[PDB]
Structures are given as structure tokens and as C-alpha cells.
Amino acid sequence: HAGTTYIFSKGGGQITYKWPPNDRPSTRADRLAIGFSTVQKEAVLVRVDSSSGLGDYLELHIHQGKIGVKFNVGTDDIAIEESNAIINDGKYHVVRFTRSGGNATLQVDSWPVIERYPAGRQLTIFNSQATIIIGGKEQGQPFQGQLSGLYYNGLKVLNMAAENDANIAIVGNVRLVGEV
């Protein structure tokens, strides 16, 4: 757990980043990386939502102990997961996700990179990204454990929450881990 770390405990918590109203980005490619440790079978770690009216979203989650990402940029819901192993063993792991149009890439630690190409052709842009929600409380599947080194398209969100950014709001059972 390098860099800034936060712990989510009994009851769940949430760190929310809101882009200012006239600065919501639209992207053709996305980069998401985060460090975590948990023993949960089910939970939503990170979710990026487009503004109201659009269905675009991106969600990093754990289902039956397996870490995966599901996104939608206008066409179908695309899912990619590292279902080989399990990652809810209480140990520290790193997950990297990449998106190029409707194609994706996912890699846990140093295991084999997983490449997913939807058979059905898809739209290409993650339009009007409005919020980055960390903790899964709002999605109804609170994360319990540690998250650190969150990187989303150039934004080091956890550092921003620790550097007390104006566009960040922290709520619930979430604590900033002090440091060495």
C-alpha cells in the first residue's frame, strides 16, 4: 500500500470526486489503477458515472471474490474479469484496467493480462464524466478494507482527498491512514 491509503470499515464509507459542471471530460480511452486488500466476496470499489440523462458508466468491482470491470459507453454493457484466481484473501493486490473504445484490458498484480474485445461493435466515448465514487456505498455494496494509489486518467484521487481538494467529499466510516 504505497502512497495515500484509506480504510473503509464496518458500515461502509465513501470518497466522492465531482468534476466542476463545465469541466466534465469525454474520453476515447480510460486508465484506471488501484491497490486494494479485502476479504469480501461482493463489493464495488470504484465507479465513474456520466452526468444525468446518460447511461455511460465504468465500475470496478468484486463478484464472488473475483475482481472485474463492467462499463457501458452507449451500446452494450461490457464486462471483463480476472476470474482465474481470487483476490479477496486479505492480501494486497493491484488491478489495472484499460479501455480503448469498446475494447478493454485488465490485469491483477503480475498475472496474465486479460484482453476483452466485444464481438458486437460498440460506440467509443465515455461521455460527460461527472463523478468518481469510491467505496461502493451508494451502489449498495460497501467496500471493507484498504484502497490506495487510485489513478484515473491522470487523477490521483486518493491523494486529492488527502490534500483536501475542494471537489472532494468524504463520508461515513472512512479514515486516512497516517504514515510511517
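We number the residues from 1 along the sequence you see.
- In the record comparison, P142 is modelled in each of the other entries of this protein that model the residues flanking it, with no third of them omitting it.
- Checked against the other entries of this protein, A119 counts as unresolved in at least one third of those spanning it.
- Relative to its counterpart among 85-93 and 72-80, 85-93 has the higher mean temperature factor, C-alpha atoms as listed in the PDB entry.
- Stretch comparison (129-137 versus 114-122) by mean CA B-factor in the PDB entry places 114-122 on top.
- Within the listed group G35, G65, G145, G53, the record reports its top CA B-factor for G65.
- Among the modelled residues of its chain, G12 has a C-alpha B-factor that falls in the highest third according to the deposited record.
- When the modelled residues of the chain are ordered by their C-alpha B factor, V177 lands in the middle third.
- For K41, the recorded CA temperature factor ranks within the highest third of the chain's modelled residues.
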